[PDB]
Amino acid sequence: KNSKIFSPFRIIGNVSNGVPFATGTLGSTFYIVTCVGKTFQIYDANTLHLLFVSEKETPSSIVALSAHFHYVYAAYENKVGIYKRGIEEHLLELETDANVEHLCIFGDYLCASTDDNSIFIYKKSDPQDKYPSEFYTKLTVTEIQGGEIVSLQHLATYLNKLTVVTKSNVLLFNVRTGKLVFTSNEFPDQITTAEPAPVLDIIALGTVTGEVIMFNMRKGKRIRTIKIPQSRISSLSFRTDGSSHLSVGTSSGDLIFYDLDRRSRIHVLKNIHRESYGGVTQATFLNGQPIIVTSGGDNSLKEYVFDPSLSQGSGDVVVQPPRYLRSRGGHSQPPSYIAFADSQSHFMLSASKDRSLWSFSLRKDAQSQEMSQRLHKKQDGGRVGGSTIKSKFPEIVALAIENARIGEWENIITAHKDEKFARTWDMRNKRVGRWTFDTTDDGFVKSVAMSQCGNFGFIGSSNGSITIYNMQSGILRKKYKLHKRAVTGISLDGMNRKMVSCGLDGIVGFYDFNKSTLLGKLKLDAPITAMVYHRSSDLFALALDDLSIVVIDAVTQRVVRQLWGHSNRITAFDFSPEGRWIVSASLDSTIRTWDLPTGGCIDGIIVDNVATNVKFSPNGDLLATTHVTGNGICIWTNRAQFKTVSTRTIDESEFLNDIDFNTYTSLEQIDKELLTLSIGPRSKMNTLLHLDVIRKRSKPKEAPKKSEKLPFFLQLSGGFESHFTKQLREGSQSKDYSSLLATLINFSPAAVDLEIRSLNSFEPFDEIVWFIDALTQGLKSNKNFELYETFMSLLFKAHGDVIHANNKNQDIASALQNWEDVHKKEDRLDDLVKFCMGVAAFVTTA
Amino acid sequence: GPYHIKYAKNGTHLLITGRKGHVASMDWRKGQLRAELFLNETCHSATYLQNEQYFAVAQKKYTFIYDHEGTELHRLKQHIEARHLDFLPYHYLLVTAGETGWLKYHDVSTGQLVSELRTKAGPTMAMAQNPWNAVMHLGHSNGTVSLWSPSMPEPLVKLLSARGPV
Amino acid sequence: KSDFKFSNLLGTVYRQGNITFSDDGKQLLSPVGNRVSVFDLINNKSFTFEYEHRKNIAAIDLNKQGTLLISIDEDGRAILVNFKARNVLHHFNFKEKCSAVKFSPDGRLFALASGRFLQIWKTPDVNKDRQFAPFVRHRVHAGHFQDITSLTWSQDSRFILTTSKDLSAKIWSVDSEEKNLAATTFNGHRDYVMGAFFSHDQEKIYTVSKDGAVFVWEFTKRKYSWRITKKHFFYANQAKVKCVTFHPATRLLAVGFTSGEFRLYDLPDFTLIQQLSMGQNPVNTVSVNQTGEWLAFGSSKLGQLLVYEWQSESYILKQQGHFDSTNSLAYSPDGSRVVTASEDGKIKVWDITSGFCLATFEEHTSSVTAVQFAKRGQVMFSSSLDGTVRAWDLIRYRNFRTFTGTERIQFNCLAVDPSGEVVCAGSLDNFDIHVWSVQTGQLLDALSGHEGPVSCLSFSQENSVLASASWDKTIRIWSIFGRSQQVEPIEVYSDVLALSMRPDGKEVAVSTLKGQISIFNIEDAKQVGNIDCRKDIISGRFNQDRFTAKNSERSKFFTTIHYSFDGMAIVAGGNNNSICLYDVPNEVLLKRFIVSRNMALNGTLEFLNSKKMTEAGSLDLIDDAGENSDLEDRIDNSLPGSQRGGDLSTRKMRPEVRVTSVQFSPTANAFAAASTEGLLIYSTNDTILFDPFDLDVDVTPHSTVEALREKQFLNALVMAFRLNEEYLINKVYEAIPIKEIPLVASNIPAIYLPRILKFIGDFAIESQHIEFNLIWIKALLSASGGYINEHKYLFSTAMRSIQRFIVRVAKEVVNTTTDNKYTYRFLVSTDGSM
Amino acid sequence: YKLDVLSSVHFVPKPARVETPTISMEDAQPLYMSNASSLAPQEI
Amino acid sequence: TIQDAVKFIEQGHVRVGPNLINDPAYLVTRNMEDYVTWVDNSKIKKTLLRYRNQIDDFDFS
RNA sequence: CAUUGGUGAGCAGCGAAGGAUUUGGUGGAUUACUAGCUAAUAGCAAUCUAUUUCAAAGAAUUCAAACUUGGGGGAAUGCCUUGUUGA
């Protein structure tokens with residue numbers, strides 16, 4: 001269940017999963033931590049801005065969250081994790097095999113309640129410690145003491161006491177000594193929720209039949225009972241602004257505000273969250289604020305605020321209803337379709353089965369916005385029609401987006417489930433556009449496509465017709481009638497010349513678009529379900545019913561690759577931006593990465609949930625997948641951005657080196673008789689030849705203002721024989737100069753100037769003779785040719801007078817004779833160069 | 001922001017001055033706005049003149065004098081890069097100090113510049129007036145407070161107050 | 001063909017910020033706008049990073065391993081970049097403006113000076129994969145009262161020295177256990193402390209101030225504490241210390257001043273090693289490499305970079321860039337050099353491989369408006385607003401002839417005939433086209449017949465017919481050679497702004513004011529094509545505009561266009577934020593390039609953040625220069641209504657994004673654009689894409705290598721061309737033996753032969769296999785010279801690249817060899833006795 | 001200069017052969033492009 | 001009026017040659033007077049052409 | 001006859017427990033996500049201030065200091081500079 005190419009990065013589009021969020025305070029700032037599957041997310045409350053994300057996914061889902069003063073406690077299976085800034089500082093694994101249900105942090109103690117009615121108390125080793133870390137004790141709540149534990153709360157000023165709310169009664173424990181201090185009388189109804197009031201000794205209990213009971217723990221009694229009939233109470237909260245208001249959140253999705261002083265009902269907010277996902281799972285009044293933060297299982301997090309009263313004298317009697325302040329949201333159902341909205345990988349478009357089309361930002365979660373489905377006025381002036389009770393569009397099954405004309409007119413086409421027309425959308429305004437494109441043959445829209453110019457949109461119909469519309473004016477331009485079964489793919493090339501269609505009849509049709517002719521047909525063995533076209537390489541891949549992927553070259557109309565290995569229906573596939581890879585997800589819970597040059601399966605991933613959509617970023621840095629379960633998009637990073645991956649096939653285990661890594665190192669020398677240059681820079685020869693005048697250019701024009709007395713050996717403060725000359729002598733002795741030539745190559749140009757210029761210019765000229773012999777052997781080597789020529793040129797510049805005045809010496813004359821013998825063979829390079837210039841110049845100009 | 005504030009000697013009017021050119025004169029107790037200017041320029045200080053009817057603003061280079069409604073009456077070319085403004089209410093003298101290290105006294109009734117004094121100590125870090133005898137106490141970056149009178153070209157008293165800038 | 005990637009930013013060496021050497025000392029990293037350029041000074045290889053900040057870069061740092069680059073712009077936004085992979089790992093937002101970034105000498109931590117605070121973060125592992133938040137905060141230290149000017153790590157990573165504007169420097173410890181060793185504030189300075197440095201061992205501390213004082217602190221007795229042992233002063237009175245760096249092993253202190261002066265001192269002796277002047281503008285940054293031989297000074301105004309060897313008083317590098325100042329570019333006929341004309345009157349020759357300027361010509365006394373080359377590469381012509389057209393030999397660097405009309409008129413466009421006898425120029429002051437001879441400097445003619453200013457000129461490279469076009473909505477085609485002297489006009493709907501000739505010379509393309517590019521035939525004046533380019537253009541909204549970018553008509557046209565050398569594509573640019581590439585037979589847009597992403601430029605955003613708009617207006621238009629610390633920063637020297645400003649008079653409004661000249665390279669698949677930031681070089685590399693040609697199921701790299709092992713060399717080469725992969729083509733090409741080269745080169749199919757020519761041209765200039773490449777070129781020229789001769793324009797780029805290989809390296813090798821041979825012949829044949 | 005700054009369409013610059021190698025006439029950088037000395041043979 | 005001209009300049013109606021000028025402080029030379037004209041697609045230009053009954057929508061007016 | 005004139009009276013067509021214009025307010029986005037405060041290696045967030053003070057360190061132009069002025073003529077008295085007189 002791992003890949004060599006793709007690594008998990010994040011899952012976007014998710015806000016909360018219906019686990020009751022925890023609120024935390026830092027100074028005057030509030031934050032909300034919501035649960036998102038196995039991670040948690042922290043939001044700044046004042047802006048609902050994402051601050052932190054849990055760094056690593058937990059092995060299991062998070063079941064409870066708590067927050068206090070920079071620290072977040074998250075419960076999953078038998079463990080409780082203690083995190084600061086998303087990073088896990090500590091982990092507590094309870095000795096039980098049971099699962100942690102509830103958490104309560106107060107003072108030194110962390111109390112963790114499991115599903116077998118056991119409470120594990122942990123305490124700090126030293127009261128200066130930031131969090132509890134070591135095990136203190138375990139308390140069992142037997143069935144005679146009370147039912148199953150509903151909550152662990154801690155009332156204020158209750159020294160070392162924990163309030164355990166069960167379905168039957170309320171217990172009080174001394175967590176230092178382990179004693180059971182108090183046990184209340186049994187309540188007739190099952191208690192579902194509990195919340196400590198901001199008054200002394202009072203805890204609020206919400207029951208299944210709809211009762212909110214104020215319980216006095218010190219008196220041991222009930223002081224008030226509020227009845228909300230035919231409602232299951234899911235959340236309770238108290239206002240601390242100075243107004244005695246109580247908020248009750250029901251599982252039907254309603255939020256009810258009561259005035260406790262006035263004994264009245266202020267307001268009811270109906271269906272703020274969906275009943276099916278659990279209604280109002282959590283609603284918390286912020287401390288001292290007229291702001292209540294609500295959430296539910298439908299991937300929403302909202303805020304409501306109370307305005308000040310319109311009456312000056314009356315005030316508390318005349319209360320305005322709570323109003324919507326701000327929210328974050330996502331899909332309530334898994335996404336049906338995804339696409340990338342631009343080349344910068346800033347934004348993604350995602351349509352889900354809850355009939356919503358959203359735009360999700362990969363850079364900042366605040367920029368995510370739902371595309372508006374508010375219709376436009378018809379151009380003729382007639383009424384649109386449809387039901388006045390407005391519902392969303394049917395779920396989108398196909399989408400095409402082209403940003404060539406963004407801001408001018410519509411640039412998105414969507415095909416919706418079981419409809420005979422396609423819809424257009426504008427991405428600049430983020431709203432539905434004014435044209436609906438029909439199939440004109442009484443068939444459902446199976447395919448959509450768009451031109452790269454942005455002027456044309458294409459519809460594939462379930463009856464075989466292809467209609468071409470104008471995206472600017474919504475006017476039907478043309479209709480192509482080749483197919484007889486459903487058209488399951490259309491595309492057009494980047495030059496708008498050739499158009500390709502594929503359908504369930506097994507036919508690939510190649511059309512010309514400028515002239516309306518048909519260029520060809522191709523019959524394949526199986527019906528074709530989907531097509532992806534790559535416009536830089538003119539290559540399109542087709543998914544077939546025989547569980548294969550067929551890559552066809554469009555210019556030559558030929559099947560060039562065929563990919564086998566998926567053991568069930570190919571749900572999705574996409575090209576890499578350079579066209580080298582195809583990533584395909586199938587119904588066999590595998591995502592395979594295919595190399596097209598080799599036609600091989602280089603990578604595979606065994607996924608836990610079937611990936612319905614796979615798209616790949618135009619930057620090539622990201623991969624986006626959507627799965628059957630989960631309301632978010634999984635973002636994957638491409639390891640090939642930062643490292644190189646072998647194209648060796650990976651289908652052997654489950655599911656030479658130059659070819660594997662798509663590289664080739666040029667040889668040092670192709671043949672012994674071929675003249676080759678040095679491996680270094682080309683300018684080394686020129687610098688070595690004209691280094692002195694480069695010096696004289698590089699010197700400053702005026703003498704710099706120095707000190708009156710400069711200390712000697714300032715650079716030093718900041719043997720008998722050189723290694724060069726030792727190598728020269730031993731090379732003369734052993735008649736092999738290879739190491740000498742190697743160190744001459746690796747010397748810097750100024751070092752070359754020193755070691756050539758400072759040779760023994762006197763009798764018997766042994767150093768000059770040995771250097772000439774070394775250069776002759778280097779010329780025999782046929783490598784570093786220009787460097788050895790430069791060395792001889794530098795020798796002629798430095799010691800030319802010695803050689804000239806001392807020629808007809810036997811040793812010098814014989815050395816230069818050997819040099820001329822080896823050097824006269826190199827006139828072939830002159831002939832090659834002269835032929836190349838003469839012929840190339842004649843061919844070019846004449 | 002940020003805002004440098006000044007009160008009238010009665011205390012019935014308040015003159016705020018933002019660094020980004022938002023200068024307002026108001027009757028703060030009444031809640032009545034006399035003037036509001038958006039100069040779109042760097043402004044450092046403002047002061048009232050003998051009434052709330054006139055006020056001086058030390059803008060980016062020159063110091064400007066505005067009336068009650070907010071019309072520009074004067075642009076004082078002689079007062080250059082003043083960061084500190086003051087008014088001597090019995091002498092009708094507007095005193096400017098700033099980045100140039102020159103203390104300038106200008107008569108607001110006649111319009112004649114009374115004194116240009118060369119502090120010779122770099123830009124003036126601080127400035128206060130002695131309300132008892134109308135002597136200006138300037139604070140320089142060398143750590144000395146100097147006491148100035150318009151009739152004398154050199155300071156009356158030099159006090160070594162701090163080590164660093166005052 | 002259509003694929004182009006941003007390769008280089010040429011013509012700029014330093015904008016503002018920190019410049020850093022690499023640890024090996026070979027590469028210099030400098031910030032150029034919102035981009036970082038790396039120059040390899042040993043291999044002479046320059047590149048720039050593709051990523052952009054949204055504003056100008058304020059600080060950079062490179063890891064000692066050379067694997068990580070952190071670059072922070074103004075307003076504190078960081079980008080962490082994999083250096084060797086050349087890809088962005090992460091984006092961070094430090095909410096406060098950051099003065100300095102520095103990695104630890106270990107590289108495990110990095111310190112950041114943001115405001116009063118010093119933030120130490122742990123550096124992410126480069127071998128780890130990208131994660132949502134890779135930065136773990138180590139600590140935040142908040143002892144300084146005002147903004148931190150600089151920070152310095154110790155040679156062991158235990159301690160950090162921070163210097164701030166509150167006239168002090170603090171010492172901080174990374175370990176809480178070692179915080180007792182580092183609790184000292186160093187005081188006594190009379191101005192901003194510019195740097196605090198340790199000695200080569202930990203026991204001495206040097207602190208440098210803005211007013212020019214160096215303090216030596218030692219831990220000595222009067223128990224034991226730090227105290228100022230010795231105070232040294234730079235007695236530069238007017239100049240203030242702008243920057244300072246210290247190399248502790250060499251004990252070298254390098255100081256840069258506001259007067260343009262830099263001093264080298266030896267510490268603790270305070271011995272003045274050296275004292276020089278970059279110019280008149282302040283020295284904004286100083287760096288020193290690790291071994292200490294090389295210093296690097298950067299000045300923001302005029303964009304000056306200077307690498308100085310100091311033990312030998314020698315300039316490794318002395319460069320000056322041009323920002324918002326380039327009017328025209330011309331490629332050399334081999335694509336190795338680009339020559340730019342500038343508004344300050346300079347003509348500069350920039351090498352492309354190394355991003356440095358080769359020569360600068362300063363004879364023009366006003367803004368130079370056009371630069372062209374002859375067909376011979378040795379002559380270029382330049383037209384300027386000063387009233388002169390000058391001719392330059394690039395062999396002697398000699399302005400060998402100047403060309404002047406009767407009166408002084410402002411020349412704006414320039415053309416030269418192919419056989420370099422006739423030079424034409426057009427002006428906005430006059431409606432005539434002035435025609436001079438080259439051999440004799442006298443003017444032959446003044447062509448009349450345009451009712452507006454001649455906006456554009458070109459000579460047909462084969463017919464030698466002159467096409468001009470003007471703001472009178474006409475294109476006049478003049479046959480100035482021959483006895484006839486006939487002109488034919490063509491009427492266009494709108495004002496002609498740009499013109500280009502097809503390399504065939506049969507057609508002329510014209511960019512007009514209405515956003516169209518119309519293509520006309522010359523032999524018969526018939527419009528053979530039209531491209532509607534108006535909607536493709538990305539036009540931003542300025543901060544002073546009271547009208548929408550949609551309704552703005554400032555830049556809805558193209559002011560420069562150029563043909564590809566095969567004649568199939570046109571690149572176009574203008575005063576907009578888009579560079580558009582078109583395919584002329586299909587009249588369609590291939591690709592569009594965003595010129596800049598810099599919010600410091602003006603027209604880069606179509607929409608502006610409405611939080612900026614107040615009841616006063618934009619917050620970006622408030623004159624906030626009065627808040628600056630220095631009088632030189634506070635002074636407003638501007639003249640009202642100046643469109644561009646001057647050297648002494650800087651304009652109030654921000655620079656605008658614009659492209660003044662686009663051209664295609666004669667040698668490679670690349671194009672250059674002269675834009676505000678510099679020269680945008682966009683190139684194509686074939687190693688990236690997978691673009692098969694005539695692919696088949698049998699054709700795989702394994703099958704190609706198998707045919708190579710079976711020694712079917714022609715089949716292997718053809719299969720490698722069909723796969724179109726550079727590594728596989730290289731493998732087969734180097735595996736073919738020398739004896740087989742004539743047969744394979746004779747039997748190469750005619751379709752794949754442009755591919756082998758382009759491959760050899762690209763490969764042979766860097767490769768060491770000079771004789772092998774020459775044998776291949778000789779075999780291909782012998783086999784198919786006639787085919788190339790028929791298809792000139794299909795082969796022109798490949799043939800020019802091959803000629804560049806033959807002239808640029810092979811002749812230098814041959815010249816050195818022949819000089820050696822003749823010198824040997826003299827030294828042996830002639831007697832040198834007595 | 002100031003009048004040219006007022007009226008000039010472009011940026012206004014501020015107002016300002018012995019025998020030598022051309023490699024000396026170049027700018028300071030590792031490379032060179034032209035070798036021959038400045039003086040022509042007819043000028044020598 | 002000059003104030004009307006100021007507003008028309010800031011509202012994007014004026015070009016001096018091909019170049020739009022939205023700066024009122026821009027100084028016009030005697031030579032540069034001959035190219036101070038209305039921008040195309042200007043409602044002002046359409047209004048004056050429509051007044052003279054000489055509006056050609058092919059030219060965009 | 002034309003009306004690319006105004007003001008109206010009516011049809012066909014469109015058409016789901018309405019439709020069409022106009023407008024005030026608030027929220028999100030308009031750059032790329034690492035949480036509040038402080039005296040900051042920590043503490044606070046219900047603050048403390050009844051340890052908040054000692055010690056140590058810390059004083060160059062030997063005040064260098066309008067790079068800051070619309071043009072032409074001046075300067076009684078100021079101011080600046082230089083010289084001088086008497087202490």
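Each position is counted from 1, following the chain as shown.
For this deposited structure, the header notes the method as electron microscopy, 3.0 Å.
Just so you know, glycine gets a Cβ as well, placed from its N, Cα and C.
Looking up C:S22, C:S642 in Swiss-Prot, the residue bearing an annotation of phosphoserine is C:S642. Per Swiss-Prot, the residue from the list C:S629, C:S638, C:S649 bearing the note phosphoserine is C:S629. Contact between the repeat 'WD 1' (C:11-51) and the repeat 'WD 7' (C:278-318) is supported by 3 or more Cβ pairs under 8 Å, counting only residues 6 or more apart in sequence. Remote same-chain partners of the repeat 'WD 7' (C:278-318), defined as residues 6 or more beyond its termini with a Cβ less than 8 Å from a stretch Cβ, comprise 12-21, 23, 25, 28, 30, 41, 242-245, 247, 249-250, 252, 254-262, 264, 356, 632. Of the recorded residues, C:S629 (phosphoserine) and C:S642 (phosphoserine) place their C-alpha atoms 27 Å from one another. Outside the repeat 'WD 14' (C:654-692) by six or more residues, the chain places 1, 3-12, 32-33, 35, 321-324, 326-331, 333-336, 338, 340, 350, 352, 540, 542-543, 555, 559-565, 571-577, 579, 593, 595-596, 598, 600-604, 699, 722-727, 761-762, 796-797, 800-801, 804 with a CB less than 8 A from a CB of the stretch. Sequence-distant contacts of the repeat 'WD 3' (C:93-131) (same chain, at least 6 residues past either end, Cβ-Cβ under 8 Å): 18, 58-65, 67-68, 70, 72, 74-78, 80, 82, 137-142, 144-157, 160, 162, 164, 172, 174. Across the repeat 'WD 9' (C:363-402), DSSP classifies residues as 0 helix, 23 strand, 17 coil.
Of all the modified residues listed (C:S629, C:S642), C:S642 sits in the most crowded Cβ setting, with the most other Cβ atoms within 10 Å. Under 8 Å from some Cβ of the repeat 'WD 11' (C:449-488) lie the Cβ atoms of residues 375, 412-419, 422, 424-433, 435, 494-501, 503-505, 508, 510, 512, 520, 522, 525, all in the same chain and six or more residues away from its ends. Listed by sequence, the residues of this chain that lie at least six past the ends of the repeat 'WD 2' (C:52-92) yet keep a Cβ under 8 A from its Cβ atoms are 15-20, 22-24, 29, 31, 33-36, 98-103, 105, 107, 110, 112, 114, 123-124, 126, 130, 134-135, 596-600. Broken down by DSSP into helix, strand and coil, the repeat 'WD 10' (C:406-448) contains 0 helix, 22 strand, 21 coil.
Across the repeat 'WD 12' (C:491-530), DSSP assigns 0 helix, 23 strand, 17 coil.
DSSP labels the residues of the region 'Disordered' (C:631-652) in these numbers: 4 helix, 1 strand, 17 coil. Tertiary neighbourhood of the repeat 'WD 6' (C:236-275): same-chain residues 155, 191, 194-195, 197-200, 204, 206, 208-212, 214, 216, 230, 281-288, 292, 295, 297, 299, 310, 313, 630, 632, selected by CB-CB distance under 8 Å and a gap of 6+ residues from either end.
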